[PDB]
């Protein structure tokens, strides 16, 4: 039984400024990787001995995703403003957490995809991995949208695949 979690965090500032993006990786509760937008050279970097053995393309590829998640978060903060009818001056924080629970037999036991706006529950992928739980009427919109477009399935792609796979690839360096 092992775990893996990623916590992404964006925080909007005021006026002409892109949010502050933050992502940290956890291998069974221990931080092994971290990204931050503030750093003069914003890049993914290892937080644990073993992890420093991966090649430059891996960091260049994993850093590239970050660039995309920033574009996503930037756009999705705006969206959330409308949902809750909030002044465009206020600063807010959107956080994402995803990952997978592998069994003793290295299989897949549970999956995770969930969000939180300014600390409150927004939407979360249920256990059956095909339905969602929405916290408020605003999240109920995201849900309906994700119900029609097949959000679960989309994510269930990465989960059942790369996620489980790459987890094991990390459990070999320990």
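Residue numbers count along the first chain shown, from 1.
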Given 133 to 141 and 54 to 62, the range whose Cα B-factors average higher in the PDB entry: 54 to 62
100 to 108 versus 70 to 78 - greater average Cα B-factor per the deposited record: 100 to 108
Given 114, 41, 126, 148, the residue at which the Cα B factor reaches its maximum: 41
Record-listed C-alpha B factor of residue 16: chain third: highest
